[PDB]
Amino acid sequence: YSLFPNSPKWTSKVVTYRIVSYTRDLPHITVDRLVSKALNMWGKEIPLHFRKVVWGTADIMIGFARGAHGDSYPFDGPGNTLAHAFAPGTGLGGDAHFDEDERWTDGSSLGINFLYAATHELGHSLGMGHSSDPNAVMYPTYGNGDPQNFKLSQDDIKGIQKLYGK
Ligand SMILES: CC(C)C[C@H](CC(=O)NO)C(=O)N[C@H]1Cc2cn(c3ccccc23)CCCCCCNC1=O
Ligand SMILES: [Ca+2]
Ligand SMILES: [Ca+2]
Ligand SMILES: [Zn+2]
Ligand SMILES: [Zn+2]
């Protein structure tokens with residue numbers, strides 16, 4: 001595993017998150033449930049708790065967007081980069097954006113599995129860097145394992161716990 005330079009991490013006991021925009025590909029409630037699942041996958045391993053807010057600023061702002069969308073990291077259309085996120089910090093720090101040009105799915109159809117992508121992106125929101133282990137969720141490419149049957153690997157758990165304790 002790897003962490004960001006200077007090991008940025010949240011210092012608060014609770015981290016807030018807000019889903020600012022949704023994808024037309026999935027019901028809103030599915031995205032809400034999948035984001036909660038992704039966050040608790042990492043949450044189960046560490047001393048951290050999350051709270052969803054529906055207005056204003058939240059630590060972790062989540063949204064879908066296509067092409068250029070403010071942050072100077074424009075999406076590229078279908079394929080290639082699927083989503084991206086930023087290390088803990090203020091503003092853009094900790095946020096996670098998903099490329100709306102991708103066909104998102106909960107796993108019951110063809111497309112990119114939103115739960116797998118969200119677990120990877122929120123790992124960055126929490127301070128995780130990319131891993132060299134093809135089995136880790138933090139590996140940089142999508143599709144090595146099974147997007148519909150996965151769990152954090154020992155490499156991922158080792159990293160998050162090094163960052164926040166057990
Ligand atoms: C892990 C995922 C949730 C988020 C990551 C990016 C990321 O790590 N965000 O935090 C991602 O999108 N990885 C690309 C990496 C990638 C693979 N190729 C690329 C060609 C061009 C640009 C990028 C890529 C080869 C062709 C296949 C393109 C379609 C699949 N794309 C990927 O696997
Ligand atoms: Ca894309
Ligand atoms: Ca933020
Ligand atoms: Zn962005
Ligand atoms: Zn990544």
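These numbers come from the heavy atoms of this one structure, side chains and all, not from hydrogens, waters or symmetry mates. Order of listing sets the numbers, starting from 1, for every ligand and every atom in it. The residues of the chain are indexed from 1 along the displayed sequence.
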Q: For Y22 and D32, run side-chain hydrogen bond (donor to acceptor under 3.5 Å, both in side chains): C-alpha distance rounded to whole Å, both residues' side-chain angles, the deciding distance at 0.1 Å, then the answer.
A: CA-CA 9 Å; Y22 288 83; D32 289 346; 2.8 Å; yes

Q. With a cut-off of 3.0 Å, which protein N/O/S atoms are close to the Ca ion (ligand 2), if we only count those under it?
A.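 N, O, S partners closer than 3.0 Å: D76 OD1, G77 O, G79 O, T81 O, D99 OD2, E102 OE2.
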
Q | Polar side chain donor-acceptor pair, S36 to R33, under 3.5 angstrom | A |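 No donor-acceptor contact under 3.5 Å links the two side chains.
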
Contact table, ligand 1 N/O with protein N/O, distance under 3.5 Å:
from: ligand 1; atom 1: 8 (O); to: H120; atom 2: NE2; distance (Å): 3.2
from: ligand 1; atom 1: 8 (O); to: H130; atom 2: NE2; distance (Å): 3.1
from: ligand 1; atom 1: 9 (N); to: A83; atom 2: O; distance (Å): 2.9
from: ligand 1; atom 1: 9 (N); to: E121; atom 2: OE1; distance (Å): 3.2
from: ligand 1; atom 1: 9 (N); to: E121; atom 2: OE2; distance (Å): 3.0
from: ligand 1; atom 1: 10 (O); to: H120; atom 2: NE2; distance (Å): 3.3
from: ligand 1; atom 1: 10 (O); to: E121; atom 2: OE1; distance (Å): 2.6
from: ligand 1; atom 1: 10 (O); to: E121; atom 2: OE2; distance (Å): 3.1
from: ligand 1; atom 1: 10 (O); to: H124; atom 2: NE2; distance (Å): 3.1
from: ligand 1; atom 1: 12 (O); to: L82; atom 2: N; distance (Å): 2.9
from: ligand 1; atom 1: 13 (N); to: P140; atom 2: O; distance (Å): 3.0
from: ligand 1; atom 1: 31 (N); to: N80; atom 2: O; distance (Å): 2.9
from: ligand 1; atom 1: 33 (O); to: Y142; atom 2: N; distance (Å): 2.8

Q.
Below 30° counts as parallel, above 60° as perpendicular, anything between as tilted: where do the rings of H130 and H120 land?
A.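 Taking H120 first and then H130, their aromatic rings sit tilted (interplane angle of 30° to 60°).
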
(Q) Over 60° means perpendicular and under 30° means parallel, so tell me whether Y73 and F86 are parallel, tilted or perpendicular. (A) tilted

**Q.** Protein N, O or S atoms lying under 3.0 Å from the Ca ion (ligand 3), listed by chain and number
**A.**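 You should have found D59 O, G91 O, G93 O, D95 OD1.
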
Would you give the length of the straight line joining atom [atom1] of [X] to atom [atom2] of [Y], rounded to the nearest 0.5 angstrom?
X	Y	atom1	atom2	value
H84	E121	NE2	CD	8.0 Å
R103	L110	CZ	CG	6.0 Å
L3	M128	CG	CE	6.5 Å
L39	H49	CG	NE2	13.0 Å
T23	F98	OG1	CZ	11.0 Å

Q.
Using a 4.5 Å cut-off between side-chain heavy atoms of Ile, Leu, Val, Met, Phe, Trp and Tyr, which other residues end up in the same hydrophobic cluster as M61?
A.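 The other cluster members (ILVMFWY side chains, heavy atoms under 4.5 Å, direct or chained) are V20.
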
Q. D106 and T30: side-chain hydrogen bond (donor to acceptor under 3.5 Å, both in side chains), yes or no, with the steps?
A. CA-CA 8 Å; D106 58 358; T30 296; 5.5 Å; no

**Q.** Shortest non-hydrogen contact between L48 and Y164, atoms and distance
**A.** CD1-CE2, 3.7 Å

Q) With the 4.5 Å side-chain cut-off for hydrophobic clustering, are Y139 and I157 part of the same group? A)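 No, because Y139 and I157 fall into different hydrophobic clusters, even though each may have its own neighbours under 4.5 Å.
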
